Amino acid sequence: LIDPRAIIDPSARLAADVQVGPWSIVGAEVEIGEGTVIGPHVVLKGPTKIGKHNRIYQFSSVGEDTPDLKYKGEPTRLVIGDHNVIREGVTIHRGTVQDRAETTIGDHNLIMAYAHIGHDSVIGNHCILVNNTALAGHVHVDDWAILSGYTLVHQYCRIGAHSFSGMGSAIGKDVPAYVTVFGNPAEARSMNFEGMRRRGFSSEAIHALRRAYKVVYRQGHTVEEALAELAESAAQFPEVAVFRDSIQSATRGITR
């Protein structure tokens, strides 16, 4: 199971069932949960927790220090939940003390080749980061979001649930939930209707969201004006509450 050409540190803690391929390093204070397959040529540094039925592909560096000059050797964490797929050459950095000292990844995420998850970034669940997506630092990606290949996300930006970025997008402002964004700089186009139909959203929920988009984007309203209009549609439909909450929590403005 543990290939004899792998270096497993004494401090490491590997649940039974765990596979580690040859020439992989499981470093000091790295936990791995049952069912997790670590590939060949993987560098795991801690303090790091990895959950269950994860797959980490060759040439990935999971749990290294941020090179960001605002990090001076403090003991910070990286947590990864269950049923994640981390592909070839992904880099995931641990937190910094300045924020919450944790980089966090939930469950059922698909992180494609050469993606970068910067320090203190929070990834939720069932997210897809397509090839070479780069999250700068303190980036929050809520559940089911999809970032197309070579999507760049500025420090501290929030990526809403069910949001979609087009290929080569450069995001400098929050993307509300359900919103599709394209280009450099990134601009709002539409709602992720396919994402809603994926979730078996009621036809009434999809209509409430279709309208909610117009309130925010295509009706000349300010953000405070728009939050007021959405407050009843949000009280009625939980799906709209997600959209409304993503705009409310966007203190640094929304992607328009």
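Only the largest set of C-alpha atoms that superpose within 1.5 Å between the two forms is called the rigid core. Note that residue numbering begins at 1 and tracks the sequence as displayed.
- In 9 other deposited structures of this protein, superposed by the rigid core, the C-alpha atoms of 72-80 lie farther from the shown form than the other of 139-147 and 72-80.
- Of the two stretches examined, 151-159 and 92-100, the one with higher mean CA deviation in 9 other deposited structures of this protein after a rigid core fit is 92-100.
- Per-stretch averaging of Cα B factors for 211-219 and 53-61 places 211-219 on top.
- Averaged over their C-alpha atoms, the temperature factors of 144-152 and 79-87 are higher for 79-87.
- The PDB entry gives the largest Cα B-factor of the residues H41, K45, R189, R199 to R199.
- Remark: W23 belongs to the lowest third of its chain, ranked by C-alpha B-factor as recorded.
- The deposited CA B-factor of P185 belongs to the middle third of values across its chain.
- The entry lists a Cα temperature factor for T96 that places it in the highest third of the chain's modelled residues.
- In the deposited entry, the Cα temperature factor of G106 places it in the middle third of its chain's modelled residues.
- Among the modelled residues of its chain, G73 has a C-alpha B-factor that falls in the highest third, as given in the PDB entry.
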